[PDB]
Every structure is written in C-alpha cells, then in structure tokens.
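Peer 1: from the sequence below, what's the structure:
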Amino acid sequence: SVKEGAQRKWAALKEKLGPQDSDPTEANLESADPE
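Peer 2: Numbering: from 1, shown residues only. Structure data below:
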C-alpha cells in the first residue's frame with residue numbers, strides 16, 4: 001500500500017514529462033538551491 005501508492009503517483013510525473021509547461025515558481029519548490 002505504501003510502496004505501491006508511490007508508484008501510482010509517480011505515473012502522473014511522466015504525464016508532465018510529455019508537455020513543456022513547467023512554471024518557474026514550481027520548479028524552485030522541487031529544487032533545493034535558491035537560484
């Protein structure tokens with residue numbers, strides 16, 4: 001449930017990989033450095 005749950009969500013990640021619509025404010029969240 002815990003290990004599988006992560007996979008189900010990971011799949012969504014790929015969905016974004018397709019398109020090239022990544023906000024600058026959002027990217028900062030994932031990244032550690034302030035930039």
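
Peer 1: enumerate the positions of the helix or strand containing residue 15 that are buried.
Peer 2: Applying DSSP states H and E as the criterion places residue 15 in helix 2-17. When burial is assessed from 16 or more other Cβ atoms under 10 Å, helix 2-17 yields no buried residues. Every C-beta, even on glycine, is put in place using the N, C-alpha and C of the backbone.

Peer 1: next helix or strand past that helix?
Peer 2: Next along the chain from helix 2-17, counting by DSSP H and E, comes helix 24-30.

Peer 1: could you check how far the residue positioned nearest the centre of the chain is from residue 30?
Peer 2: Residue closest to the mean C-alpha point of the chain, counted by Cα atoms, centre = their mean, is residue 13 at 5.1 Å. For residue 13, the distance to residue 30 equals 11 Å [Cβ to Cβ, to the nearest Å].

Peer 1: run through who's touching the helix holding residue 15.
Peer 2: If you take Cβ atoms under 8 Å, 6 or more residues apart in numbering as the criterion, helix 2-17 is touched by residue 22.

Peer 1: what does stretch 22-35 give?
Peer 2: Residues contacting stretch 22-35 (Cβ under 8 Å, 6+ apart): residue 16.

Peer 1: return the distance of it from the chain's centre.
Peer 2: Counting by Cα atoms, centre = their mean, to the nearest Å, stretch 22-35 is centred 11 Å from the centre of its parent chain.

Peer 1: what is the end-to-end distance of it?
Peer 2: Distance between the two ends of stretch 22-35: 16 Å, counting by Cα to Cα, to the nearest Å.

Peer 1: what comes up buried for it?
Peer 2: Applying 16+ other Cβ under 10 Å to stretch 22-35 flags no residue as buried.

Peer 1: distance of residue 25 from residue 35?
Peer 2: Taking Cβ to Cβ, one finds residue 25 at 11 Å from residue 35.
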